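Examination of the molecular architecture
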8 protein chains.
Amino acid sequence: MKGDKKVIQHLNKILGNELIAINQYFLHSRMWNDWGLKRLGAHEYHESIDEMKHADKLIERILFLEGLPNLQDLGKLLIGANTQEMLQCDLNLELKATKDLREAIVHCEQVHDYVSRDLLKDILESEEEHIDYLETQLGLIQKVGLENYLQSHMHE
Amino acid sequence: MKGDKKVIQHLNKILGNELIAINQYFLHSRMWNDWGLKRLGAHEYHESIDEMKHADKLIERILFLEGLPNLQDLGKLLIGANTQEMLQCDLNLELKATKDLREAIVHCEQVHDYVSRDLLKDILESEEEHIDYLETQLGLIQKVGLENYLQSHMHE
Amino acid sequence: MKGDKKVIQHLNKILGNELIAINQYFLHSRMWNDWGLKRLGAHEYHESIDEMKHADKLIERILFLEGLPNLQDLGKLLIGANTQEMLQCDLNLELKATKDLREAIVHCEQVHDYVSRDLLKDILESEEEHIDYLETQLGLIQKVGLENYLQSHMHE
Amino acid sequence: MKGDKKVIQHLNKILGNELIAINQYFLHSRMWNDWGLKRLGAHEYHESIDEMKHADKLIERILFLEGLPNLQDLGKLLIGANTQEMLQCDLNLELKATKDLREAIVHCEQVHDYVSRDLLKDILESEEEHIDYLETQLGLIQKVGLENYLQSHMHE
Amino acid sequence: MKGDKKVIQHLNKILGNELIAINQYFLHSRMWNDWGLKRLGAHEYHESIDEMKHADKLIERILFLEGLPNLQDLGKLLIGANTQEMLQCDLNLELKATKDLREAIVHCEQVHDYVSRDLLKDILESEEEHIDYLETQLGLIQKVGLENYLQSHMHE
Amino acid sequence: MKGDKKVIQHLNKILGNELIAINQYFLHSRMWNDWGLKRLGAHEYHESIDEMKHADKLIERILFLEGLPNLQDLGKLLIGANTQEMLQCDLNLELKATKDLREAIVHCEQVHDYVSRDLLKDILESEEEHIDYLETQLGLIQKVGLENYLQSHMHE
Amino acid sequence: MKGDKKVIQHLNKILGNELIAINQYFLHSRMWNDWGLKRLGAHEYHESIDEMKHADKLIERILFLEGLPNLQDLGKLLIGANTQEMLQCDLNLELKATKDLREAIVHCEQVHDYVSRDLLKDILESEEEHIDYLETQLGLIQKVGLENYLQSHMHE
Amino acid sequence: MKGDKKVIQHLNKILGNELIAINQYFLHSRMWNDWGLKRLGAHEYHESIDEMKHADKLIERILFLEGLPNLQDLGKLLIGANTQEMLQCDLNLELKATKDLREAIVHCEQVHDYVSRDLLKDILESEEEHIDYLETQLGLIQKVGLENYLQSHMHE
Ligand code: HEM
Ligand code: HEM
Ligand code: HEM
Ligand code: HEM
Ligand SMILES: [K+]
Ligand SMILES: [K+]
Ligand SMILES: [K+]
């Protein structure tokens, strides 16, 4: 079913974002495991699977709309070098992502692609939850102290 | 455990190849699903996942060796336009990946990184099993014909 | 809860389309069975139950809004004479139904009937999935040939 | 994630409506239980639980958006003295609650808080379902007569 | 038990033929698996096992009759170039085998070795069941075409 | 994958050795059953099966490398006439076979066919385990006496 | 099976390193248990089991190659006086040990003792995994603080 | 608990005997497995585990009494070259171990360390159970003959 050209562009933009987040979060997860923060490495691993699942849904939507999913153009990974910076890097990406989700939803609505809007809104709900997690983690570092924070994520 | 700088470099080259394969195969899977060749899309999906797992091990070995895993630099996806092209592209990708795996194993031997060698060999075994799959599909397209081959991959 | 008059007109329009589809898809199903294409007959039967359930949800919503559901007016069925026409006729019908759905959703948002919009959106998502199936089937008749496509749909 | 000040004002306005509904439906339930109308009691109890669960989701969402949920300001409970009064009071409350949900959804949409909109639309759907229930009971009273309607709600 | 010298000789010829069949059918099996015709691969494998169990029974009997089993002399494998010739090569071999089997049986009856005879008839029956399978496949290639026959044996 | 001609010749040589072992162990197995040493017949039968499984793995590899497995050329069986000779015969062959296995691994490294090397190393470990069993069996005959060694192998 | 003199020399060297780790890690385990750091004691107890199983494999290999395992000679145990020093001592011992495994693997390849090489590579992998653990723990002691690190290992 | 200094010397002397017994019985065990006398090898393996378990109890006690357990000094293993010599080496070793245990118990009593005394008495009881096994095996060799004796420990 031929979709709106700019909807497909918006979708391919969100996909771009999901593709960065997949790589960024898989690396942070394997970093945290390598440092012995097993509980963070495991949580971050599932945040990366979630983004893979969003990508799958966006790729399927684009092919159905007779577009070309663009898995080639990979933007800037935000790699942290310590725990707080990695969580902050995850948050700065998710916030870039949700800005682009709002603009894409705005446009689906103008062109009446109500199903693409519903799909993006479900991704946006997932991303807002992840923002809530990340912001909470940066909160706890402050409330229990960095040493305690890292101590609480050594084991599962 | 600080490892050979060039072993890490080899590991990241193998990692870069895996990241292409992941995207290229995942894209091909969802194209075969879009066209209703669901037996092909399922099988290509699991090739995409197998490369996802090799990437996981490579990343873990790189971080253990105190290298920095490179997930930023995505090489060239080989995206086909029809079933015979998509299979042939995957095969070309796989043949380049096995050239690189062999060179990396040769280097692991020289510097005595026998465990990295063993990982790369397990991946190499897997990449050769995929090449057997691919060569065999292209062979079947000639033995039964393209129409019959697509027919047989319509349903699971 | 007295609903908006034009919303009720729009829901009755959608309902009229659903009623056509019910009958068109059920006849096509039964013709496919009569011809020995049982995979098609079975698939299309479920396609028409799904329309039946959509019509249930529209009938309930119209009565809740204190309108009178119109099951008396039945528009033109698009009945095909062979598997390729029958598939294309189904698609032509779904394409007219998504146009009406989008127009009914537009009005629902104008008058803040956000619950009716969400019901229509869920129907629209269903309709598009059907469109995906039909386009794909027609695409397969081209890729594998009609004789092979029909053969693949003789047996369950 | 700092949300929009008027979004939070609206959410808290929706929250305050739930907080009335909880108290009002919970008292009416205990009144019907006290009178021996156990089926009305048990059903109204579950309507209070439903509003309690809506209030939780609002509270959760207001805090994520970094506002302060307002559980201090309690508006006018509409307590009835007999079944007909109480059903009508419940229905007047829910008709107020839906007017306020529509105004807030209009505002979430204007600022692109699409997640807050979906949350409010989900509550809106539950409230309309309660309105069907209420209008229907008041309709049954006229059809079967007050003394028969009460009879049918004595037992569970 | 000291057996007849020419019975042992006949037995050891029958064993020679089983040994060709074992290797020939196993290589055809793995050949069909290399080509992706897993249904012929699976079936021809079980024919190889079946000839293995016959060879077992002939060795036990030869030794009980106090002769030396001959596993050293291996006749000519007829290895086929494609699916059709592999089936015809198996059939050629089985037809030679049935002939030796009937001479062996004739002689067994002459010297009153009725138990050897009964073992040989049991093998002969299995050989004729296999000849039926072989003739039947070759007929299916003429009836449905080579492309269709091969397609039907891609998937198990 | 066209493999190295010399690798394919090495594999075909290792296959020839396994083909000899299959027949040799199978005959020794069935002689020990004819003589009442069931525990030896049972153990040796499984040595025959394990060689058959090596044979299988090599055929699949040779075909994958686009060579032609040689099942036609059957070297000299070393059949013994009494228990100690049969054991010593089995041992002579396994020592011949490990030597060839080592020569082919050497050549698989020189040409970077690490997967083939891995398969041959697995076979080699198994053939070394058979050598331990054989040396040990012969050593036990020295320690307990041949009468006692055969007695200990009458029953399972 | 008479093995190479220098391979047996190398193998007895690995065993002697295993016997040191066995005792060192057991003692450290019982020290952590005595101080009430039961989680460290349990894990250290299991690393000591791990070295006990490698020693078993080395002993069995040496004896198969008709060497004499040397369980008499016992090198310097590196015993720490506190958690940080005990982990560092384990790490220094594991680093001496992987050096000797590498030299041993080198010599195994020279004389074509491919089975011994594969057993030592298996050990080498286990040692590296254990090295990753030790470095990770020292890193955590830095990043969470010693008191917090110890606290996390009081209980199981 | 500041333990008596001579108790702790005694305890480390019994520990040093245990450490010899561990390595000696383990070595004999793998020697008997390698010769195919699997029953002796299994029984000797468990004798080694039991001494490992005594050693662990001693280490804990020494640490409790605030001694430094001594795993560095390893005395003279008694390794035989055949079964009877091995059995008699174990018996010589156990006979030295129980003389040291009796001496350590005496001193424990004289200083009122009744808990250490009890631990030692339980080890002694087990050492006397091993002496009973050993003496009985040597007597069996005399009664049934070494050839029969060894025959009876060939299999499990
Ligand atoms: C650096 C790149 C990637 C890495 C390291 C990676 C890693 C993984 C891993 C480890 C798994 C779990 C497999 C298993 O244990 O069975 C997985 C699953 C999966 N991956 Fe990836 N992946 C990557 C990229 C992608 C991409 C590009 C996509 C799709 C566009 C994707 C889609 C999926 C999906 C759908 C699953 C299944 C998860 C589920 O349904 O539970 N991944 N990936
Ligand atoms: C206004 C028109 C119709 C409505 C609202 C309607 C509604 C429904 C619903 C809700 C179901 C049950 C779905 C479920 O399993 O949840 C159903 C079942 C079914 N309908 Fe319809 N339907 C309509 C017209 C038709 C027509 C025209 C036909 C055939 C010519 C038909 C044939 C069937 C059949 C065979 C079933 C299966 C029921 C069973 O086996 O239990 N329906 N319908
Ligand atoms: C090319 C030479 C041969 C090959 C490649 C081969 C292969 C095999 C394989 C793969 C199996 C199955 C093992 C499993 O269960 O995974 C098997 C079983 C067996 N083989 Fe062979 N074989 C060969 C020659 C022989 C010969 C010469 C004999 C006897 C004279 C024989 C007798 C048997 C028997 C009795 C079984 C057990 C069958 C059953 O009951 O399942 N094989 N063989
Ligand atoms: C040459 C030296 C040693 C060797 C070859 C050895 C070998 C083994 C083996 C193979 C096991 C069985 C573990 C399993 O398979 O799960 C074991 C268990 C064990 N070892 Fe040792 N070990 C040695 C020295 C020691 C020492 C010196 C100690 C104590 C100071 C010790 C303490 C233990 C304990 C407590 C167990 C568990 C026993 C049980 O409950 O089963 N080992 N050992
Ligand atoms: K066909
Ligand atoms: K703490
Ligand atoms: K005896």
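X-ray crystallography is the method the PDB entry states for this structure, with the resolution given as 2.5000 Å.

1. What to know about the overall build of chain A
Assigned secondary structure in chain A consists of five helices and zero strands. In chain A, the succession of α and β elements from N to C terminus is α-α-α-α-α. Once the C-alpha set of chain A is aligned to its principal axes, its extents read approximately 55 × 25 × 25 Å. Long-range contacts, defined here as pairs at least 24 residues apart, represent 79% of the contacts in chain A between residues at least 6 apart.

2. Focus: the site of ligand 1
Around ligand 1, the surrounding shell holds 19 residues, and the nearest of these are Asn 23, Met 52 and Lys 53 of chain A together with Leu 19 and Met 52 of chain B. Nearby residues place ligand 1 at the junction of chains A and B. Elements with a contribution of two residues or more to the shell around ligand 1: α1 (5-34) and α2 (38-64) of chain A together with α1 (5-34) and α2 (38-64) of chain B. The greatest single-element share of the shell around ligand 1, amounting to six residues, is contributed by α2 of chain A. Class assignment for the residues of the shell around ligand 1 results in 15 nonpolar, two polar and two charged.

3. Regarding the coordination of the iron atom of ligand 2
There is one protein donor for the iron atom of ligand 2, and it is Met 52 of chain C (SD), at 2.5 Å. Within the secondary structure layout, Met 52 of chain C lies in helix α2 (residues 38-64).

4. Some thoughts on the relation of the copies chain F and chain E
Mapping one chain copy onto the other needs a rotation about an axis and a shift along that axis. The two copies are related by a screw operation: chain F maps onto chain E through 180 degrees of rotation and 0.0 Å of translation along the axis, at an RMSD of 0.2 Å. Such a turn and shift between the copies fits a two-fold axis. No C-alpha of chain F lies nearer the rotation axis than that of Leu 74 of chain F, which sits 3.5 Å from it. Interface overlap between copies: 100% of the residues of chain F at the interface are likewise at the interface in chain E, consistent with a symmetric, same-surface contact.

5. With respect to the side chain of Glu 44 of chain E
All names here are of chain E. Inspection of the secondary structure puts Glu 44 in helix α2 (residues 38-64). One buried charge, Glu 44, has no salt-bridge partner; the nearest side chain with opposite charge is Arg 30, at 10 Å. For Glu 44, the contacting residues outside a window of four places in its chain are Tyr 25, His 28, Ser 29, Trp 32 and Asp 90.

6. Description of the interface of chain F and chain E
Chain F puts 18 residues into the contact, and the matching count from chain E is 19 residues. Of all the secondary-structure elements, those providing two or more residues to the side of chain F that touches chain E are α1 (5-34) and α2 (38-64) of chain F. Sorting elements by how many residues they give to the side of chain F that touches chain E places α1 of chain F first, with six residues. Of the residues that constitute the side of chain F that touches chain E, the class distribution is 10 nonpolar, three polar and five charged.

7. Topic: the coordination of the potassium ion (ligand 5)
Reference values for angles at a metal are 109.5 degrees in the four-donor tetrahedral case and 90 or 180 degrees in the six-donor octahedral case. Looking at the metal site, the potassium ion (ligand 5) is ligated by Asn 148 of chain B (OD1), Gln 151 of chain B (OE1), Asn 148 of chain C (OD1), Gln 151 of chain C (OE1), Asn 148 of chain E (OD1) and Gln 151 of chain E (OE1), spaced 2.8 to 3.2 Å from it. Around the potassium ion (ligand 5) sit six donor atoms; with metal-centred angles ranging over 71 to 146 degrees, the donor geometry is irregular. In this pair, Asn 148 of chain B sits in helix α5 (residues 146-152) while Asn 148 of chain E sits in helix α5 (residues 146-152), so the two residues belong to two different chains.

8. As for the relation of the copies chain D and chain C
Mapping chain D onto chain C calls for a screw motion: a turn of 121 degrees about the axis and a shift of 0.0 Å along it, with 0.2 Å RMSD after fitting. This pairing of chains is accounted for by a three-fold axis. The position closest to the rotation axis in chain D is occupied by the C-alpha of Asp 118 of chain D, lying 5.6 Å away.

9. Some details on the pattern of salt bridges
This model, assessed by the stated rule, comprises 73 salt bridges over all chains. The residue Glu 60 of chain B makes a salt bridge to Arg 30 of chain A at a minimum N-O spacing of 3.8 Å. Of this pair, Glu 60 of chain B sits in helix α2 while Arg 30 of chain A is found in helix α1, placing the two residues in two different chains. Via salt bridges that share partners, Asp 118, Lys 121 and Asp 122 of chain A, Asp 118, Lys 121 and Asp 122 of chain C together with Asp 118, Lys 121 and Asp 122 of chain D belong to a single interconnected network.

10. Here we look at a nonpolar patch on the surface
A cluster of nonpolar side chains, contributed by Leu 27, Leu 74, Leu 77 and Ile 79 of chain C, occupies part of the molecular surface with about 300 Å² of accessible area. Among the secondary structure elements, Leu 74 of chain C is positioned in the loop between α2 and α3 (83-110).

11. So, the UniProt feature "binding site: K(+)" in chain A
In this structure's numbering, the residues bearing the UniProt feature "binding site: K(+)" are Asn 148 and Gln 151 of chain A. Of the residues examined, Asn 148 of chain A reaches a relative accessible area of 32% and is grouped as partly exposed. Within the element layout of this structure, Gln 151 of chain A appears in helix α5 (residues 146-151). Here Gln 151 of chain A falls in the buried class, since its relative accessible area comes to 12%. Once residues within four sequence positions are removed from consideration, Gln 151 of chain A is found in contact with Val 144, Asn 148, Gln 151 and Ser 152 of chain G.

12. Structural notes on the site of ligand 2
Residue and element names in this part refer to chain C. Around ligand 2, the neighbouring residues are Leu 19, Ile 22, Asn 23, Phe 26, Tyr 45, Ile 49, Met 52, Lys 53 and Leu 71. Among the secondary structure elements, those contributing two or more residues to the shell around ligand 2 are α1 (5-34) and α2. The residue makeup of the shell around ligand 2, split by class, is seven nonpolar, one polar and one charged.

13. Observations regarding the UniProt feature "binding site: heme b" in chain A
The feature "binding site: heme b", as annotated in UniProt, sits at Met 52 of chain A in this numbering. Residue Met 52 of chain A is classed as partly exposed on the basis of its relative accessible area, which comes to 22%.

14. Digging into the interface of chain D and chain C
At the interface, 12 residues of chain D touch 11 residues of chain C. Where chain D abuts chain C, roughly 1000 Å² becomes buried across the two surfaces, and 60% of that area is made up of carbon and sulfur atoms. If you look at where chain D meets chain C, you find three salt bridges. For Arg 61 of chain C, the salt bridge goes to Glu 128 of chain D, with nearest N and O atoms at 2.7 Å. Scanning the region where chain D abuts chain C turns up five residue pairs in polar contact. Every element with two or more residues in the side of chain D that touches chain C is listed here: α3 (83-111) and α4 (114-144) of chain D. For the side of chain D that touches chain C, the leading source of residues is α4 of chain D, giving eight residues.

15. As for the nonpolar core
Note that soluble globular proteins tend to have their nonpolar side chains buried in a common cluster. Residues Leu 120 of chain A together with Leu 120 and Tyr 149 of chain B are the most contacted members of the largest nonpolar core, which totals 326 residues. Those residues within four positions of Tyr 149 of chain B in sequence are excluded, and the remaining contacts are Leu 40, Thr 83, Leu 87, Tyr 133, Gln 137, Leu 140, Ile 141 and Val 144 of chain B together with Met 154 of chain E.

16. Points about the packing of helix α1 (residues 5-34) of chain E against helix α3 (residues 83-110) of chain E
Residue and element names in this part refer to chain E. Where α1 contacts α3, the axes come no closer than 10 Å and their chain directions differ by 165 degrees. Looking at the two axes, α1 sits roughly antiparallel to α3. Here the hand of the crossing between α1 and α3 comes out left-handed.

17. Examining α1 of chain A
Residues and elements named next belong to chain A. For α1, which comprises 30 residues, the first-to-last C-alpha distance of 44 Å matches the rise-based estimate of 44 Å (1.5 Å per residue) to within 8%. One side-chain oxygen of the residue at the start of α1 lies 2.6 Å from the amide nitrogen of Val 7, identifying that residue as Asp 4. Note on α1: the residue one or two positions beyond its end, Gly 36, has a positive phi of about 80 degrees.

18. So, the arrangement of the chains
Among 13 pairs of chains with at least one contact, chains E and F form the most extensive contact set. At no point do chain B and chain D touch; the closest pair of C-alpha atoms across them sits 28 Å apart.

The rules behind these values
Residues numbered from 1 in each chain as written, not as in the entry; some residues may be left out. Chains lettered and ligands numbered in written order. Part of a larger assembly, values for the part shown. Heavy atoms only, no water. Residues with missing side-chain atoms left out of burial classes, pairs and counts. Helix = DSSP H or I, 4+ residues; strand = E, 2+ residues; numbered from the N terminus. Contact = heavy atoms within 4.5 Å. Near = heavy atom within 4 Å. Nonpolar A, V, L, I, M, F, W, Y, C, P; charged D, E, K, R; others polar. Donors = N, O, S within 2.8 Å, 3.2 Å for Na, K, Ca; no water. Least-squares fit on C-alpha atoms. Buried < 20%, exposed > 50% of the residue type's maximum accessible area, 1.4 Å probe, protein only. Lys, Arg positive; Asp, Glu negative; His and termini not counted. Salt bridge = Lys/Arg side-chain N within 4 Å of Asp/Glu carboxyl O. Tetrahedral: all angles 85-135°; square planar, octahedral: opposite > 155°, others 65-115°. Patch = residues over 30% accessible without salt bridge, like charges linked within 9 Å, V, L, I, M, F, W, Y side chains within 5 Å. Areas by Shrake-Rupley, 256 points an atom, 1.4 Å probe, with all protein chains shown as cover. UniProt positions renumbered as here; feature names shortened; annotations may be inferred. Buried area = accessible area lost by both parts, 1.4 Å probe. Polar contact = N/O pair within 3.5 Å; in protein donor to acceptor, adjacent residues only side chain to side chain. Core = buried A, V, L, I, M, F, W, Y, C linked by side-chain atoms within 4.5 Å. Axes fitted to C-alpha atoms, helices over the stretch in contact; angles between N-to-C directions. Parallel < 35°, antiparallel > 145°, perpendicular 65-115°, else oblique. Left-handed = near helix turned anticlockwise from the far one by under 90°. Expected span 1.5 Å × (residues − 1).

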